[PDB]
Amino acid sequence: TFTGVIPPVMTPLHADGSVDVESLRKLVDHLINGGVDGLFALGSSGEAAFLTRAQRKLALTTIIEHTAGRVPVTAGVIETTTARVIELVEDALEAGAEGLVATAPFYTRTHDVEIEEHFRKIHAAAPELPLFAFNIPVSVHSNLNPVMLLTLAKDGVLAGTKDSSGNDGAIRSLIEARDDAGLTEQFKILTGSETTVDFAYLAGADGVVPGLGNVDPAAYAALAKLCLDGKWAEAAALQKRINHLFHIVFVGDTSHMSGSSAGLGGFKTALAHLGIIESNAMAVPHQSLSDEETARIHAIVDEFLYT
């Protein structure tokens, strides 16, 4: 179900910090019309860690209802530990999600044994939905063990992984190991990279979950097509262009803001400039970008956007 270009949908906000439902609908259309293959609701690029449980449910329902079956929707169920995650799986089921995306436990100290039990219990709560393990060491401070991942795949517990480690050699070793084990169809491997998607496809990955795909969905859809057609030199040239668009995330001055403010902020500034969302408002405690910063971001978008 979940292969190809699957952006982690952003959550547009109003200045009061509420979900901008009408902007979220327009963003959904932007993604779908840009040729994506699926949507991942309630990921990190969705500000899931910033939204309340009620706000998550509204965003997820908004995305599902507006998508209207055009592409499949998977739901993040990111929370510190199993019981809390399983509450969110209940929420996702109620909303009509077609997949789940969970990380290892976090805040708490964990262990591969406990990570394994965690995934098994989450799958048991919704055994008919494909569960993907989201490998995001920068946020959870554990790396998902590839041997564990493949055992769970064999057991029908995991349908795949979204890998945002930034380690292309590790993702490549995982694809090789999966293929060697005969688990190619059973375990989809999607990169979270925004800048090395060509590489992932060249190694036989199944797709990509790129936050920058909110801004330029058609660029990623075109890149995937070029890779699937074996047009590698062309793919690398388009990826280079994408990588220059990505400079929007480096505009914000991180001497006084987090990489989240600068990066998600850059993406939201780009979206507002293109008239897809009303505002670049971010959840507390994100820092605002300056008028100089936003002007800079606009110019980059005008230069390197693919459409």
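So that there is no doubt, residue numbering starts at 1 and follows the sequence shown.
Within the group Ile171, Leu190, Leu88, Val101, the record's highest C-alpha temperature factor is found at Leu88.
For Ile6, the recorded CA temperature factor ranks within the lowest third of the chain's modelled residues. When the modelled residues of the chain are ordered by C-alpha B-factor, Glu22 sits in the middle third. The entry lists a Cα temperature factor for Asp29 that places it in the middle third of the chain's modelled residues. Sort the chain's modelled residues by C-alpha temperature factor and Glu79 lands in the lowest third, per the entry. When all modelled residues of the chain are sorted by CA temperature factor, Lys57 is found within the highest third.
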